[PDB]
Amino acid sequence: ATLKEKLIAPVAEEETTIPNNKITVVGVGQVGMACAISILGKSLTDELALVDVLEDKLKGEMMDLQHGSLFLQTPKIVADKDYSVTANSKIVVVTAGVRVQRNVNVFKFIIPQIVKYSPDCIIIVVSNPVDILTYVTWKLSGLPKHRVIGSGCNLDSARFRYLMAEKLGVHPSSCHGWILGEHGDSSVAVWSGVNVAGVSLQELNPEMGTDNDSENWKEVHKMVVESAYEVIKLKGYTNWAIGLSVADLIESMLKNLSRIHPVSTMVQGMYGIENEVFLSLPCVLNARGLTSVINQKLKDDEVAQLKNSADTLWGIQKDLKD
């Protein structure tokens, strides 16, 4: 006999069990590990799987997390370059790639392996350019559109609500405002929805968002766009904020909360867009994924920007093969 046999008397019979809320993180770079630690911190999964092509670094990150198991509530942390380790995931976060032509080749291999072992999963795409790669993930996986989610402008909106909170001196959760469309240079700041305690700030300042504004809100939007670039210049990358926002998305889905997030969904047929492109809009997230999108009253220039972004994205998307 062994010490396990002499100390522990089995009551329930032996079993190989399938986890209930397994999460897989593809890519253990700065972003992937930031997602992993935030996911573990919120006690969101009973099995965290890591996957990467760098076998040594992957094993090291896995061991480092396992050594903290005493302080967590995740009884199984696993990792391998073989995608069988991701089997039966509920949510798969894809952060792999360089930081379009190069990332599409990565996704052409990764996405089929994901749905081969987790056909019922939800896929959150984080790799840049995220709106284009969410389209690639949707096409390659064959999954319905409510199960392919691009992180999109969820982070851009968090940055905007932080800068707005700094102007007013209240908590970012008490400041409301949505950055929508394309994650990056061409995002759209819906000024009509910017409010505090239901007080529409554009009604107190109708020049909000224009070039003659005593409060300079166009500069705030510019700082949201330039935030990634400035932080990248200072520390080489960004990871902590995106990791926190991904865990926020996973919380809404795994707990089935039906909270509204500015994430990227397939917006063909909305606001006059005719191509299959992914853009960020207010979306309802729950245990089934992205089940609903909020219909908004967007001004002409806001719709014009969405149409322009959709044209720019599709112009890249149409030349991709297989």
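For every residue, the number given is its place in the sequence shown, counted from 1.
- Per the record, residue 99 and residue 100 are separated by 10 or more deposited residues that have no coordinates.
- When the two stretches 247 to 255 and 90 to 98 are set side by side, the higher mean Cα temperature factor goes to 90 to 98.
- Per-stretch averaging of Cα B factors for 81 to 89 and 183 to 191 places 183 to 191 on top.
- Take 133, 225, 148, 242 and read off each C-alpha B-factor from the entry; 225 has the highest.
- If you compare the C-alpha temperature factors of 208, 231, 143, 168 in the entry, 208 comes out highest.
- In the PDB entry, a CA B factor belonging to the middle third of its chain's modelled residues is recorded for residue 260.
- In this PDB entry, residue 199 carries a Cα temperature factor that places it within the middle third of its chain's modelled residues.
- Ranked by Cα temperature factor within the chain, residue 68 sits in the lowest third according to the deposited record.
- Residue 116: CA B factor lies in the middle third for its chain, per the PDB record.
- Among the modelled residues of its chain, residue 216 has a C-alpha B-factor that falls in the highest third, as given in the PDB entry.
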